[PDB]
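Given as structure tokens, the chain that follows is alone and in the form deposited in one PDB entry.
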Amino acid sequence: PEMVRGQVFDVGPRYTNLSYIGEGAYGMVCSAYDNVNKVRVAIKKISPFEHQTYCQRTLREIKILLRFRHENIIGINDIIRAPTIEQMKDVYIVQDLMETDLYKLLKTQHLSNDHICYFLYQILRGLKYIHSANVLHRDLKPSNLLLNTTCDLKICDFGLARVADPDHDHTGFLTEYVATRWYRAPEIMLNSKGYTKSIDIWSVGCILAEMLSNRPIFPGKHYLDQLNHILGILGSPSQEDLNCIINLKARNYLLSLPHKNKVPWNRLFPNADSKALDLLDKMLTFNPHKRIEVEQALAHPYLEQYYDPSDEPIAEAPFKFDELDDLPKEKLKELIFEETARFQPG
């Protein structure tokens, strides 16, 4: 049994000469030489079986990624686990090895306008496919965008994804939420459960602004502070946009605030392409109903050199709506065992 940095990393004989890459959202990720395809691959070790929530997320990641097939979405190449439910303690997910993620790249590298434009095109082309399957990613952020040595981009980590449920999107003010703070749409903190496609567009907007300056645009330090940052740049919402917020706690909180002026995008990003800034404005719209949708974003002049709807595929079928929140970890283990069976010899 192979070992890395104290931990069992039990992937062989197919996968050899392991090197530690890092820690991701679920534990240890290694690279390894795939003896069958004769390439290095990325392998993540998942140990979810004690907790229903880790089980739920591992199952979502696995079901979604195995169903999706798209050039801008990470696939699953292989899944390693024990031959029986009883013996199964860890799951290893094998994926294409990528050179970096956008988080590391933004810490270290200035992006040309040409790179920003190509990265944004690829994120939206991947998201068009995701949203066409009636799926919300709900955790788009630079660390969830992988890049290879030629800057092909792939969306990863569908652990927090859900089937879109707009008619059930309303909630009260300051309702707890799971997805990463800096990339959370303002309505999350106000009156939204994050069950509509507009939640992902806000996150892409945040990513775009971060590509323009290498710094997060709304680096809140905590839940309501995230909204301080957003309003500090967008300015006070209009009467129309407040009238759309029926919940009194949410609306009266906004009305309690001193007037804030819009900060013009060209002042925040004086070196940015004016077309990139027009699209940024449309993605970072306060009112989620007025926020641009993925297919309109692809059609925006900023992306004219790449836009080609005939080469921006959609999913053959929408995804199976929701069913895991009430399933215990024992049933969830069985479903994980079942979903991974195709990678077993035979």
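The term rigid core refers to the maximal set of C-alpha atoms that superpose within 1.5 Å between the two forms. Note that residue numbering begins at 1 and tracks the sequence as displayed.
The same protein also has a form deposited with a partner chain bound, omitted here; what follows describes it.
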Interface stretch in the deposited complex with its partner chain - options 76-84, 234-242, 197-205, 116-124, non-hydrogen atom within 4.5 Å: 116-124
is_contact(residue 143, its partner chain) in the deposited complex, heavy atom dist at most 4.5 Å: no
Its partner chain contact in the deposited complex: residue 271, any heavy atom under 4.5 Å: no
Contact flag, residue 34 vs its partner chain in the deposited complex, heavy atom cut 4.5 Å: no
Its partner chain contact in the deposited complex: residue 165, any heavy atom under 4.5 Å: no
Contact residue in the deposited complex, chosen from 88, 255, 151, 263 - any heavy atom within 4.5 Å of its partner chain: 151
Listed options 77, 143, 100, 180; Cα moving by 2 angstroms or more between this form and the one not shown (core superposition): 180
CA of residue 193, rigid core aligned, shift of 2 Å or more between this form and the one not shown: yes
After fitting the core, residue 274 CA displacement of 2 Å or more between this form and the one not shown: no
Shift of residue 245 between this form and the one not shown at or above 2 Å (CA, core fit): yes
Cα distance between residue 246 and residue 197, which in the deposited complex differs by 3 Å or more from this form, closer or farther: closer
Distance trend in the deposited complex - C-alpha atoms of residue 178 and residue 143, change of 3 Å or more: closer
